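Enquirer: Starting off with a structure, shown below.
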Amino acid sequence: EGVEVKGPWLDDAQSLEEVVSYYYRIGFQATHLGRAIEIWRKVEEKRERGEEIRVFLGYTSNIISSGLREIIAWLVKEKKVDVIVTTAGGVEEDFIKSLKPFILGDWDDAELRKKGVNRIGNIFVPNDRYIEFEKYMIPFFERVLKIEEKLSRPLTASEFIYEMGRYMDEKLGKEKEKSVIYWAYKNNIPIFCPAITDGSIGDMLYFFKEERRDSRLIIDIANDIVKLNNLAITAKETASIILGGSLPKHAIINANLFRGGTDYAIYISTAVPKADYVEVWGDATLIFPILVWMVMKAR
Amino acid sequence: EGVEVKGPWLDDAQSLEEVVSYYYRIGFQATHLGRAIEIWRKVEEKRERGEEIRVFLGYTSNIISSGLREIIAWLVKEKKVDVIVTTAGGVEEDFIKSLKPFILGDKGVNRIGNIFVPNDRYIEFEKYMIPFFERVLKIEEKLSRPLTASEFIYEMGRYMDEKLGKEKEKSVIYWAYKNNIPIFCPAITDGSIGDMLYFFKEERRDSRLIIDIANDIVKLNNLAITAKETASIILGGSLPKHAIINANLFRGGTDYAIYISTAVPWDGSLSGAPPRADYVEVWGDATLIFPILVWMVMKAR
Amino acid sequence: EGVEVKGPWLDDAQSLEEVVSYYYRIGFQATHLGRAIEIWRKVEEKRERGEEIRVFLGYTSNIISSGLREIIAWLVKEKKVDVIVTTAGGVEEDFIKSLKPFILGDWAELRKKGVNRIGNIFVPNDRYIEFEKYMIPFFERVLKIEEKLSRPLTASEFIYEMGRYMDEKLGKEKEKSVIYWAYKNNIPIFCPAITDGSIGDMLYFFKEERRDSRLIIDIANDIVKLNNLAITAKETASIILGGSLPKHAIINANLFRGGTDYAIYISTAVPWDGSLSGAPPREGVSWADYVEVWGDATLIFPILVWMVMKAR
Amino acid sequence: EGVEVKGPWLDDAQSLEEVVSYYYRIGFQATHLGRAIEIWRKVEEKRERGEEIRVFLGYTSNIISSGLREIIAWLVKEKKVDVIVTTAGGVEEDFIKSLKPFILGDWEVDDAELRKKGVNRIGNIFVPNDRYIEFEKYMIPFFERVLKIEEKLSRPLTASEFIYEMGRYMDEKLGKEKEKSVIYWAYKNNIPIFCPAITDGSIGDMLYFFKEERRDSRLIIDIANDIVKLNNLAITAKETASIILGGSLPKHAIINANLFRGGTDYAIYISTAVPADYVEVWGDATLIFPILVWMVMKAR
Ligand SMILES: NC(=O)c1ccc[n+]([C@@H]2O[C@H](COP(=O)([O-])OP(=O)(O)OC[C@H]3O[C@@H](n4cnc5c(N)ncnc54)[C@H](O)[C@@H]3O)[C@@H](O)[C@H]2O)c1
Ligand SMILES: NC(=O)c1ccc[n+]([C@@H]2O[C@H](COP(=O)([O-])OP(=O)(O)OC[C@H]3O[C@@H](n4cnc5c(N)ncnc54)[C@H](O)[C@@H]3O)[C@@H](O)[C@H]2O)c1
């Protein structure tokens, strides 16, 4: 006799946490979210007992476009993860949100182009967000170039993003305290982004280089692979928490290839594709807040 | 809308419900679940002031295969919905679960995703269905007319009441019979009930046990027409989503709609058709979405 | 070793059929379509040599809404399938298309204009008004037949009589109709929820205006009918477009014989097991002629049918 | 009120091409594929009559894993596209396939047995381990050549120059099999291949061993100067067309490069991700793309 499939009886359940504790028994994806909760509960309890599991967190730009950005930022502030891989949008949107917020719209594209509003699903980014971002990135580019001139070597993408967090601390106010990039800098959590020029930052850098005839500002990706892979190899155990697919999933999986794979994995994805590995199929905005709370906060 | 996109800061949030209270301003599907909570809350307060809103609840068999069955039954027990349309699996698996439970999976075992239904579940179901068929035929001879599918399912709850003990009180069919909530299922013979009916008819050379579907369209369509307002809560696609939407065309459309499904429209399908500030679709597995939605509507404050 | 993954070289490929003959070694869903072509070619050749394989064809309403309607009708005309299971829309829209065509639109004020939208397909309201002029006399014939026999028709008998009605009342248009050719060629069409659509809508009006409770459509006796068709066959094959009731009914019927002997499933629904998984078309079977092709049938099915039936 | 929804009648239709010529009026995704055929025929016919339309081709690694690799290579050989954006897998699997083919993973093998045998599984496609050993045989000397070029120029190569040099290297060291390679024909036809995350894959894995064992930090792959090259190719064009298979970095990069000019002038997207010179065909590109290319480029 195996585990009985049963949902919560709502006359007896006393909290939403209690409802969610039944998810491992509900079946389908609820069962997967239930398994994810208690895979991460091990890793977190094991970490708090001084056991070394290096936690790799990967996400695509939609994660940062959404309100999950604040949950990611908290995870980094509280040192719940050790290594981040994301996309160009995952970096720049975290910075931009520290300047002006994104706005909830509705999933009239011709009107949006006329009004200069960038739409991400049902989330709107007005044009002045990118102008404000340029005001900060152009001086950041000059600083990166001077650092490279002083070092006589290019910065890697992760060093670039590390320097971004240092730059955020110097130039921004209280808004930086909900920033992933800021807390990664403060807690020395590297952020890898092998395609950091594929977005607004790259567009900024295009104008900087076109205006100033610069070819000396270099972003290297060859030396980050050593840094990322070594972080997986030198760990006694690794865990993978990957939201979405694309470059971050592939990079984290590929990095853990060398040590024979990650030792624990939680995948959350809408892309149709032991007890220590699970994928939850669904939108991370629905799933991730419940997962984090049940692992980090639930009593 | 125009609200700033923002997630909860977990240094401040006190409970999971407060976390979920941010969903409307999180973006993507979280925003859709946030709007679904607002919609059903609005309908549920209006019902509690005595405002007539006829709630049509539709779901496919996978909902009943999952632990959501207990949540559906509670919603039926507490009269949160007025009309049910489901599929054959949605009916017969609710009965079967009141005899033996489904087993969580990764020898004659029926697998539904990661859910196991061992063969003795259906063997036990037949021990109840064969006498029930005899009762249905005896009813139809007494009435000199066939039972419609909803009448057949109502009679199935009465039979559950007489023949079963405690475990019927987690059952959707039982509570629908107890509360006189009609369950429509115009393809009731599509699964296990059909299989044993097949055995029943071969065994007794019977062609007199008739299940009519022509008269339930009057019953279901009139339930949509006669109400002042209707609300449509639909899990999945297929026959139930189509029947509830089709029934509500006779009144010009439902007044509130919450659809939860994993299907998409680009195959052109009903299951993927969109819900048309009182209409919303949440894309995802209902076993993840529905318990959050019901709790925040029926028990959050 | 094994089959080398390889696409056609377009300096050498002479025809689209030659391009498609590479699909089995292209990988992903293209490999599955290649396997589906091989499976149905096998079934069709065995049938043409006199071996008995009862072919079950299932499809959802969308198949008939789309231009696949003409391809299904040709399959039924040529008796490439023996049994059909569909939904209410799959029946009624085939009849309607014999009266007035569906119109190509785009994927929302159509409601005041009285235009029903199915994806990027438009059905103007006069299609249903015209359909009603035919259904009301048909309902009256159905009632007379049921009074004559003192028994109700099943859905399959109802649909068979619909085809006889089309033969009597229509001209050349019926020659593109699934319902006409199924009646004409003695191919049963099962539809266990035939009231869930426009037929049921007009039956509601017919029942309301006449205060009728006597027009009965039975579903309990077709399951004997449908299940015996699967049991008595020496072999069966299941070609199923989409999900819902038709997929479940054909698989459920074939449970009684230990599962179908050949299966080709085409659906946009992502099975739990995987889009590339073996298991999806292997369900309900108890024993390598099983394949699922993931995608829109309007893309896949015309290629499959041509390569199986017409490519030389 | 418009076009009548109608499929082909198989008593009349004489060819598969004739069957596919009904796709525009079949509805759903068939209609989108018919529209994609019309759009690309328009682009191609304009190009054949001298009109400047810069064609950006984007695809993810699954495209090159599959048999579509031969079709992409033909498009590049015949100069049907002007700019390529792909991923690391899209680059390195094209090179590997010129060494040893990929194998159809037709049977059911559990991944534990696959890993014992050293077989990498990509969907239903198998890459046996000796493919990567043979790849390393060629990539280590290529790394050494790249470093010498960098020392010679006193500057790093960008990713697109790296891939261009990969094509030159293929032409020097490989035989007839290179004639079915995207990288080779892009080099011969001076078609740039952009890949802003070229180290996230097998090339990156071998560079790791190269750098780790040689304590090298001098071999650089720059991406800052490629965004200039790519964006200029879109801004300097009179008109642009985008043909994008799948999502990920290539789709984002091509859309981003066309942002400055108000977007591409024609777009054909083919993807499985759930979202009149612009169309998306929802489905597997291995099903759709061979039909689209034949009907655009060869159906007469
Ligand atoms: N036009 C209409 O959709 C229409 C009209 C009248 C009646 N109805 C009624 O709607 C009810 C429910 O719809 P249904 O059962 O016909 O199917 P459905 O619309 O519920 O679709 C079921 C599944 O079929 C698959 N599918 C749909 N289109 C596909 C395609 N082009 N290619 C591949 N797979 C595809 C998908 O997995 C989908 O989830 C039925 O009772 C039917 O009679 C529908
Ligand atoms: N569970 C079983 O194995 C079983 C048993 C007996 C009978 N049946 C019969 O199976 C037939 C066909 O199945 P059906 O009509 O119940 O549904 P279906 O298989 O037609 O599913 C239709 C749609 O439901 C949606 N869906 C499925 N699971 C979902 C989930 N967890 N959350 C959200 N959306 C979800 C999908 O988008 C899908 O396209 C019915 O006639 C039923 O009686 C099923």
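The listed protein sequences derive, respectively, from chains A, B, C and D. Residues 15 to 121, 124 to 289, 311 to 336 in the UniProt record's numbering are what the first sequence spells out, letter by letter. Residues 15 to 120, 131 to 300, 312 to 336 in the UniProt record's numbering are what the second sequence spells out, letter by letter. Residues 15 to 121, 126 to 305, 312 to 336 in the UniProt record's numbering are what the third sequence spells out, letter by letter. Residues 15 to 289, 312 to 336 in the UniProt record's numbering are what the fourth sequence spells out, letter by letter. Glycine included, each C-beta is placed from N, C-alpha and C at the ideal position.
1. Taking all protein chains shown into account, do 16 or more other C-beta atoms lie within 10 angstroms of the C-beta of A/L128, making it buried, or fewer, making it exposed?
2. In the region 242-292 of chain B, which residue ranges form an unbroken beta strand (DSSP E) of at least 3 residues, counting only runs that do not cross its ends?
3. Whole angstroms are fine: how far does the CA of A/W121 sit from the CA of B/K334?
4. Does the Cβ of C/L118 lie closer than 7 Å to at least one heavy atom of ligand 1?
5. Mapping DSSP to helix, strand and coil, what is B/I139?
6. Do we get a CB-CB distance below 8 Å when we pair D/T213 with the residues of chain A?
7. So if I threshold CB-CB distances at 7 Å, which residues from the region 127-153 of chain A count as touching chain B?
8. Check C/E150 in the structure and name its three-state DSSP category.
9. Just how far apart, CA to CA, sit C/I268 and C/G119?
10. What does a CB cutoff of less than 8 Å around D/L171 pick up in its chain, not counting 5 residues either side in sequence?
11. What residues in the region 239-257 of chain C bring their beta carbon closer than 7 Å to a beta carbon of chain F?
12. Just checking, does the region 244-255 of chain C make contact with the region 59-74 of chain C on the three C-beta pairs under 8 Å criterion?
13. When every heavy atom of ligand 1 is checked, does at least one fall within less than 7 Å of the C-beta of C/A287?
14. Check each candidate in D/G181, D/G48, D/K202 and name the one with the smallest Cα separation from C/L323.
15. Does chain D have any CB closer than 8 Å to the CB of C/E316?
16. Hey, is D/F42 close to ligand 1, as in C-beta under 7 Å from one of its heavy atoms?
17. Distance check for C/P155 and C/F149, CA to CA, integer angstroms please.
18. Note down, in chain order, all residues in the region 276-296 of chain C with a beta-carbon under 7 Å from any beta-carbon belonging to chain A.
19. Got a sec: is the Cβ-Cβ distance from A/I117 to anything in chain B below 8 Å?
20. Assess contact between the region 71-89 of chain B and the region 182-192 of chain B, defined as three or more Cβ pairs (one per stretch) separated by less than 8 Å. Is contact present?
21. Sorted by chain position, which residues of the same chain lie with C-beta nearer than 8 Å to B/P326's C-beta, five sequence neighbours on each side aside?
22. Judging by CA-CA distance, which residue of A/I217, A/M331, A/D26, A/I258 is the nearest neighbour of D/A238?
23. Any beta-carbon of chain B closer than 8 Å to the one on D/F325?
24. Rounding to the nearest angstrom, what Cα-Cα distance links D/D144 and B/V317 in this structure?
25. Could you check the C-alpha separation between D/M153 and D/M220 for me, to the nearest Å?
26. At 3 residues or longer, and completely inside the region 47-82 of chain C: list those beta strand (DSSP E) runs for me, N to C.
27. So that I know if they touch, is there some Cβ in chain B lying closer than 8 Å to that of A/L24?
28. Here's a check: name, in chain order, each residue in its chain whose Cβ is nearer than 6 Å to the Cβ of A/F116, leaving out the five neighbours to either side.
29. Rounded to a whole number of angstroms, what is the C-alpha to C-alpha distance between D/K94 and D/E58?
30. Check whether the Cβ of residue 308 of chain C sits closer than 7 Å to any heavy atom of ligand 2, and report yes or no.
31. Would a check of beta-carbon distances place B/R55 closer than 8 Å to chain A?
32. What does a CB cutoff of less than 7 Å around A/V90 pick up in its chain, not counting 5 residues either side in sequence?
33. Is the distance from the Cβ of B/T45 to the Cβ of B/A211 below 8 Å?
34. May I have the straight-line CA-CA distance separating B/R61 from B/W54, to the nearest angstrom?
35. From this set, C/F224, C/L247, C/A173, which residue's C-alpha is nearest residue 341 of chain C's C-alpha?
36. If distances are taken between C-alpha atoms only, which option among D/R232, D/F42, D/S262 comes closest to A/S168?
Expert: Quick answer:
1. With fewer than 16 other Cβ atoms within 10 Å, it is exposed.
2. Within the region 242-292 of chain B, the complete beta strand (DSSP E) runs of at least 3 residues are 254-259, 280-285.
3. Between B/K334 and A/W121, the alpha-carbon positions lie close to 30 Å from each other.
4. Flag unset: Cβ of C/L118 not near ligand 1.
5. The answer is strand: DSSP assigns B/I139 an E or B state.
6. Under the Cβ distance rule, D/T213 counts among the residues neighbouring chain A, one pair being separated by less than 8 Å.
7. The region 127-153 of chain A vs chain B, Cβ under 7 Å: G137, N138, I139.
8. Helix.
9. A straight-line Cα-Cα distance of about 33 Å links C/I268 and C/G119.
10. Excluding residues within five positions, the ones whose Cβ falls inside 8 Å are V160, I163, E164, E179, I234, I235, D236.
11. Of the chains in the structure shown, none is chain F; the protein chains are A, B, C and D.
12. Taking 8 Å as the limit for Cβ pairs, the verdict is that the region 59-74 of chain C does touch the region 244-255 of chain C.
13. Answer for C/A287: yes, Cβ within range of ligand 1.
14. Distance from the Cα of C/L323 is smallest, within the candidate group D/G181, D/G48, D/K202, for D/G48.
15. Not an interface residue.
16. At least one heavy atom of ligand 1 is nearer than 7 Å to the Cβ of D/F42, so yes.
17. Answer to the nearest angstrom: the Cα atoms are 11 Å apart.
18. Going along the region 276-296 of chain C in chain order, one finds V288, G292, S293 with a Cβ nearer than 7 Å to chain A.
19. Yes, A/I117 lies at the interface with chain B (some Cβ there is under 8 Å from its Cβ).
20. Judged by Cβ distances under 8 Å, the region 71-89 of chain B makes no contact with the region 182-192 of chain B, as fewer than three pairs qualify.
21. Cβ neighbours of B/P326 within its own chain (closer than 8 Å, five residues either side excluded): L82, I85.
22. The candidate whose alpha carbon is nearest that of D/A238 is A/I217.
23. Cβ-Cβ to chain B under 8 Å: no for D/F325.
24. Roughly 47 Å separates the two Cα atoms.
25. Take the alpha-carbon of D/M153 and the one of D/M220: they are about 8 Å apart.
26. Runs found: 68-73.
27. Yes - at least one Cβ of chain B is within 8 Å of the one on A/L24.
28. The beta carbon of A/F116 lies closer than 6 Å to those of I139, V141 in the same chain, with the five residues before and after it left out.
29. About 8 Å.
30. Not modelled: residue 308 of chain C, which lies between 305 and 312, the two residues flanking a gap in chain C.
31. No, its Cβ sits nowhere closer than 8 Å to a Cβ of chain A.
32. Leaving aside the five residues that flank A/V90 on each side, the residues in its chain whose CB is nearer than 7 Å to its CB run, in chain order, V196, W199, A200, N203, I205.
33. No, these two residues do not count as a Cβ contact at 8 Å.
34. In this structure, the alpha-carbon of B/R61 lies about 10 Å from that of B/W54.
35. Missing from the structure shown is residue 341 of chain C; chain C here goes from 15 to 336 and no further.
36. Nearest in C-alpha terms to A/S168, of all of D/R232, D/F42, D/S262, is D/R232.
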